[PDB]
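What follows is a single chain, given as structure tokens, in the form solved without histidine (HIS).
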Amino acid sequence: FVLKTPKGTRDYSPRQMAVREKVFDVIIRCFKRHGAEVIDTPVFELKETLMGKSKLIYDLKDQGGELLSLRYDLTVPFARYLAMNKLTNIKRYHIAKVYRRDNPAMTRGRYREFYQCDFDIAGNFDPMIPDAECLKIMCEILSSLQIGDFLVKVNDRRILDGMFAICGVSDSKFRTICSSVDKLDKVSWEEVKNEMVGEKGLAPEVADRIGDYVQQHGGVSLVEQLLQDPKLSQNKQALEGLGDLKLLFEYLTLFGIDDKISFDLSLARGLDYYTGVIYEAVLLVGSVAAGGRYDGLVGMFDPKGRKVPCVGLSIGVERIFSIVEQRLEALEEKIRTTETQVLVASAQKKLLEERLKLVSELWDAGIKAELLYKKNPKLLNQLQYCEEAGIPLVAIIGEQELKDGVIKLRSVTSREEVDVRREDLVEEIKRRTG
């Protein structure tokens, strides 16, 4: 029996937490800015509230009561939440850990306990207004994370269904083809079309009309050409998604995100799920944030079986975590794990108690202070501490520096001292720091 965290899990270190924290803040400063409420749900649900999912699910023992299972997702509790409270409309974010008993990467990428960060807008509203706001939030959050330049790929579920019908894919073969054509952003058409014909058995004449569509991508100028596409122009499903997309584009221009988006017919994911728009944000590579509209899901716990038209986004905080901490190992830099702002020190040999008086004073003034938990600390060791923890200042008490009612404030980085009076010390610290 080794001391270890269970297969697929991980402790968050003080360094990692410090990085994880600055990411969440930016993400939450944005959600709050859009007037979103927040809910929280328990870690486990009734074992069978989660039926109708892949059964890569942590199930608890019996141990007495009923059968239970750790949440593999945030949205099933969400749909349980809206039903247990009889809500037809809400705007929430929810940040918590989900549990999928899958095989942990060693390269890496995948964990069994990982953060999920979702934002949602449930309810019946005018067409694409809540759909357009979700894009604005991503681009706000991503741009504010300072992690490089990004693009948002956009597509509609109906344009997919219509395109595959008018091109001629069988419904039973419909969805391994989506799973295939979705690989276009990591691979090439040649290989897609090739993997394809070997595994599907589509007519090569079905594979290559798909290619004339899915290989295309661009802006609104594309959604207008696709309307002019004669065979698409008489597919009812394709015409809706195209309509809903032209409108969606018009709103983004008003948001000033018009160019940070690309309509990409190759995008085809989460089809158990999305019924309208589908979103995915990529860096400039890798999938960093997703989302879209899913109207037939949240209401699937309602008595009379009422739809709850819902749109929303998820953010790959786990991926963004890794990027930030390497962009802080890029400068090979100490991430500050504390917010300590002053260290009460002394060079003399019996002043321990006089320090304690000063720290509580600093504390009760709302200043983040600290002292070494020893009776006669040497000033050299005291300073290394600050240098290590990135503490900006040191407050040195001396006997003949106590006598005149003052305190020595030595800046750790500039090594410069200046005598400050007890009355002005806290003011000085609150100015030499934010």
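In case it trips you up, residue 1 is the first one in the sequence shown, and so on. Heads up, when I say rigid core I mean the largest set of C-alphas that superpose within 1.5 Å between the two forms.
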- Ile257: gap in at least one third of other compared structures: no
- Task: Go through the other compared entries with residues on either side of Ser54 and state whether a third or more give it no coordinates.
- Result: yes
- Select one of none, 1 to 3, 4 to 9, or 10 or more to describe the deposited residues without coordinates separating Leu284 and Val285. 10 or more
- Task: Check the residues of the deposited sequence separating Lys374 from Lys375 and report how many of them have no coordinates, as none, 1 to 3, 4 to 9, or 10 or more.
- Result: none
- Of 324-332 and 140-148, the one with larger mean CA B-factor: 324-332
- Message: Going by the mean C-alpha B-factor recorded in the entry, which is higher: 96-104 or 114-122?
- Response: 96-104
- Task: Pick out which of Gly316, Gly276, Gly256, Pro303 has the highest C-alpha B-factor in the PDB entry.
- Result: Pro303
- Task: Could you tell me which one of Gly291, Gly241, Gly218, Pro77 shows the highest CA temperature factor in the PDB record?
- Result: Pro77
- Item | CA B-factor placement of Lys22, once the chain's modelled residues are sorted into thirds | middle
- Chain-relative C-alpha B factor for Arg355 (record values, thirds): the middle
- Task: Would you check the entry's CA temperature factor for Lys53 and let me know if it's in the chain's lowest, middle or highest third?
- Result: highest
- Query: Hey, what third does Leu409 fall into on Cα B-factor, ranked over its chain?
  - Reply: middle
- Query: Compared with the other modelled residues in the chain, in which third is the CA B-factor of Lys200?
  - Reply: highest
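Same protein, other form: the form deposited with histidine (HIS) bound, not shown, and the subject of what follows.
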- Item | Binding-site state, shown form vs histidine (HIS) in the deposited complex, superposed, 3 or more atoms under 2.4 Å of backbone or C-beta | open
- Task: Choose from 188-196, 214-222, 343-351, 269-277 the stretch whose residues reach within 4.5 Å of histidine (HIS) in the deposited complex, heavy atoms counted.
- Result: 269-277
- Sort through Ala122, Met128, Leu142, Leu313 and report the residue having a heavy atom within 4.5 Å of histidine (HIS) in the deposited complex. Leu313
- Message: I need to confirm a contact call. Of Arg100, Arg80, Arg175, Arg327, which residue comes within 4.5 Å of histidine (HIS) in the deposited complex, counting heavy atoms only?
- Response: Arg100
- Report yes if any heavy atom of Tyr294 sits within 4.5 Å of a heavy atom of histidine (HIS) in the deposited complex; otherwise report no. yes
- Message: Is it the case that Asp244, even though its partner is missing from this view, gets within 4.5 Å of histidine (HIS) in the deposited complex, heavy atoms only?
- Response: no
- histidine (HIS) contact at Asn235 in the deposited complex, heavy atom, 4.5 Å: no
- Message: Against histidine (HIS) in the deposited complex, would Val288 count as a contact residue? Criterion: heavy atoms within 4.5 Å.
- Response: no
- Query: Tell me, which of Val26, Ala389, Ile39, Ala36 is the one whose C-alpha shifts by at least 2 Å between this form and the one not shown, with the rigid core superposed?
  - Reply: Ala389
- Task: Take the rigid core as the frame of reference and indicate whether the C-alpha of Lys357 shifts by 2 Å or more between this form and the one not shown.
- Result: yes
- Flag for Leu254, CA shift 2 Å or larger between this form and the one not shown after aligning core: no
- Quick one: core overlaid, is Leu227 moving 2 Å or more at the Cα between this form and the one not shown? no
- Task: Indicate closer or farther: the Cα atoms of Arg15 and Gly109, in the deposited complex, relative to the displayed form, with a change of 3 Å or more.
- Result: closer
- Item | Cα-Cα shift for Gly109 and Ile278, closer or farther in the deposited complex, minimum 3 Å | farther
